[PDB]
Amino acid sequence: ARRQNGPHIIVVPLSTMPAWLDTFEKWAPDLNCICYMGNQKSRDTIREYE
DNA sequence: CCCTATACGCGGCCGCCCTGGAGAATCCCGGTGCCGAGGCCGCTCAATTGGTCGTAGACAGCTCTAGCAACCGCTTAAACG
């Protein structure tokens, strides 16, 4: 609505984080929501691929 | 019937076996001298006693920060089989 489609940061606890992931998958499927966990190589993969 | 050689016992001298009194070596006792140790005395200086005074530290009070017991949760690298 307000065309504020820039980078947004959401910091959540790890235990409730799939309950955020399916909410982003269902209620806002058009958004480019990405998820940030893993070891050094997975975070590097997210960093230089996405 | 008397002399003369002849075999036989043995007085005296020499050598060998058994026992006794005098002297010498040894152990014990008494008197005396020397070394280790204990007691006493003289000097003598440092510990003791008494008093005074300053202050070191105990005590109380207030403020701020580290530690501690017991729990959580995530990561991940180290320990273990």
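Residues numbered from 1 in each chain as written, not as in the entry; some residues may be left out. Chains lettered and ligands numbered in written order. Part of a larger assembly, values for the part shown. Heavy atoms only, no water. Residues with missing side-chain atoms left out of burial classes, pairs and counts.

- For this entry, the PDB record names cryo-EM as the structure determination method and reports a resolution of 2.90 Å.

Digging into the protein's contact with DNA strand B
Right, on to step 1. Taken together, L14, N39 and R43 make up the full set of residues near DNA strand B.
Right, on to step 2. At a separation of 3.1 Å, a phosphate oxygen of DNA strand B approaches a polar side-chain atom of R43. (Near = heavy atom within 4 Å. Polar contact = N/O pair within 3.5 Å; in protein donor to acceptor, adjacent residues only side chain to side chain.)

Quick word on the layout of surface pockets
Right, on to step 1. There is about 780 Å³ of room inside the largest pocket.
Right, on to step 2. Lining of the largest pocket is provided by 19 residues; of these, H8, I10, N32, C33 and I34 occupy positions nearest its centre.
Right, on to step 3. Along the lines of polarity and charge, the residues of the lining of the largest pocket split into 14 nonpolar, four polar and one charged. (1 Å grid on protein atoms, 1.4 Å probe; cavity = no way out; pocket = protein on both sides within 12 Å on 5 of 7 lines; lining within 4 Å. Points joined across faces, edges and corners; volume = space filled by probe spheres on them. Nonpolar A, V, L, I, M, F, W, Y, C, P; charged D, E, K, R; others polar.)

Thoughts on the environment of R47
Right, on to step 1. Here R47 lies in helix α2 (residues 40–49).
Right, on to step 2. Judged by relative accessible area, which is 52%, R47 ranks as exposed.
Right, on to step 3. Taking the C-alpha atoms as reference points, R47 and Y36, separated by 11 residues in sequence, lie 9.5 Å from one another.
Right, on to step 4. Among residues more than four places away in sequence, those in contact with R47 are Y36 and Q40.
Right, on to step 5. Engagement of the side chain of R47 in a polar contact is seen with the side chain of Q40, the distance being 3.5 Å. (Helix = DSSP H or I, 4+ residues; strand = E, 2+ residues; numbered from the N terminus. Buried < 20%, exposed > 50% of the residue type's maximum accessible area, 1.4 Å probe, protein only. Contact = heavy atoms within 4.5 Å.)

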